[PDB]
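Here the structure is laid out as structure tokens; the discussion comes afterwards.
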There are 2 protein chains.
Amino acid sequence: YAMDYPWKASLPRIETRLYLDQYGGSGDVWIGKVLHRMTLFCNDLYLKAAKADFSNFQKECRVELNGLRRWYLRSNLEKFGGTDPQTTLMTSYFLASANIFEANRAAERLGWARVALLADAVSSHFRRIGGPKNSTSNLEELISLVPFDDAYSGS
Amino acid sequence: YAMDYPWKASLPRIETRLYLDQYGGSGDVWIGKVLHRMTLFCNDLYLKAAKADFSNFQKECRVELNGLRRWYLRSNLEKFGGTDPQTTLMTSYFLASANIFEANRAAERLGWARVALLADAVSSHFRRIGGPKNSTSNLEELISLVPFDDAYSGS
């Protein structure tokens, strides 16, 4: 994994799932003059911390895409663009949630993935008419499909 | 003044101006059993006190007038409006400045003026077209004339 995925392109979440699938724990032994183990270093407990918090993170985020689904399919924006909405829906939430993965900054997390899906289905719409020379529908009103909050939606 | 200006028609700045003409200071003399004075509140420096409080009130009454009159021109609004827009600006800003007379509430004083132009001048526009039936544009766009404060704008 390290030779073909450099630091420059690795998401900070993909291998953290894969690191569970590669880690033995305290069933792994160092040799020396005499073989030995290290329990401040390797336990069956660091996994128990990790298979607790990452597992409920995997739990608590897949109900969010379940909640993020219908908004895309109700705000009249899913109609045009790609061949199908669902593969663009799951792609745009992956890179928007593999980076930020803690339960206190969801408002930044899901608000990222919304305006992720806003700017590309309209990027599709401009080439399908050939640029902004022959577009007539007003485009600064699509920005209101994100709900109005005071602390965010001003600027 | 007190026989034709009820409490429902008495404004807190046109009142103060109309008492300085009948204010005496220490020149007002009281009659008891003996012709006698009372130096404390019947006092001549009090007349100079409020008049020192009243000039510096009016000094911002000219510069917010000059400040607003350059904004109303460039905003392309004199297309609409009454045939005398300067006095229409006068009758709108005064109706705020006679109400709020404290200094550091200028943002309340400017906003009450700047909304009540573009909220009134549109009502002239509908008297020609018949209502909202025969409209030809999006009337929602007319807060572009309003300055952007990053806290105050969106709500």
**Message:** To check my understanding: the extent here is largest minus smallest coordinate of the Cα atoms along each principal axis. What are those three numbers for the protein assembly as shown, in Å, largest first?
**Reply:** 117, 62, 31
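Taking GluC sites (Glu not before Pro) as candidate sites, keep only those in a DSSP loop with at most 15 other Cβ atoms within 10 Å, then name the longest stretch of chain B containing none of them.
On the way: sites that count: B:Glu78, B:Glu102.
Longest gap between qualifying sites, sites excluded: B:1-77.
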**Rounded to 10°, Cα long-axis angle of helix B:106-118 versus longest principal axis of chain B** = 40
**Message:** Taking θ = phi - 60°, what integer Hz values does the Karplus form 6.51 cos²θ - 1.76 cosθ + 1.60 yield along region A:76-82, in sequence order, with x for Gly and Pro?
**Reply:** 6, 9, 6, 4, 9, x, x
**Request:** Using only atoms on other chains, find how many Cβ atoms lie within 10 Å of each Cβ of peptide B:148-154 and report the average.
**Result:** 3
**Message:** Angle check, please: helix A:85-94 long axis (alpha carbons) against the longest principal axis of chain A (alpha carbons), in degrees 0 to 90, nearest 10.
**Reply:** 50
**Nearest-to-axis residue of chain A, judged by beta-carbon position, where the axis maps A onto B, in Å** = A:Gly154, 2
**Item:** chain B: most fluctuating residue of B:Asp21, B:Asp84, B:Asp120 per GNM, C-alpha cutoff 10 Å
**Value:** B:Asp21
**Prompt:** Which distance in Å, rounded to a whole number, links the C-alpha centroids of region B:39-108 and region A:72-140?
**Reply:** 49
**Message:** Please report, for A:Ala151, the nm distances (one decimal) from its label point, 7 Å out from Cα along the beta-carbon direction, to the equivalent points in the remaining copies, shortest first.
**Reply:** 1.4
**Complete:** In degrees rounded to 10, the 0-90 angle between helix B:44-74 Cα long axis and the longest Cα principal axis of chain B is 10
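I need the calculated FRET efficiency for the pair A:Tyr5 and A:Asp84, taking r as the beta carbon distance and R₀ as 30 Å, to the nearest 0.05.
Numbers: r = 28 Å, r/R0 = 0.94.
The pair A:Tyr5/A:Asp84 has a calculated efficiency of 0.60.
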**Fill in**
Most packed first (mean Cβ within 10 Å per residue), the peptides A:91-97, B:146-152, B:69-75 order as A:91-97, B:69-75, B:146-152
**Asked** In sequence order, what are the phi-derived ³J(HN,Hα) couplings for region A:2-8 according to the Karplus relation 6.51 cos²θ - 1.76 cosθ + 1.60 with θ = phi - 60°, rounded to whole Hz, with x for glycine and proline?
**Response** 6, 7, 9, 9, x, 5, 5
**Request:** Provide a whole-number value for the mean count of partner chain Cβ atoms within 10 Å of the Cβ atoms in peptide A:54-65.
**Result:** 0
**Complete:** Distances in nm between the label point of B:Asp84 (7 Å along Cα→Cβ) and its equivalents in the other copies, shortest first, are 7.1
**Item:** 10 Å Cβ neighbours from other chains, averaged over peptide B:136-144
**Value:** 1
**Message:** Apply the a/c threshold of 1.5 to the C-alpha gyration tensor of chain A and tell me whether it is rounded, prolate or oblate.
**Reply:** prolate
**Asked** If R0 is 22 Å, what FRET efficiency do you get for A:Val146 and A:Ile14 from their C-beta distance, rounded to 0.05?
**Response** 0.20
**Item:** Among the listed pairs A:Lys8/A:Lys33; A:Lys133/B:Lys133; A:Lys79/A:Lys133, those beyond 32 Å (Cα-Cα)
**Value:** A:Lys8/A:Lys33
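Methodologically, a virtual Cβ is constructed for each residue, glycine included, from the backbone with ideal geometry; neighbour enumeration extends over all protein chains shown. None of the figures in this text is laboratory data; all of them are computed from the coordinates on show.
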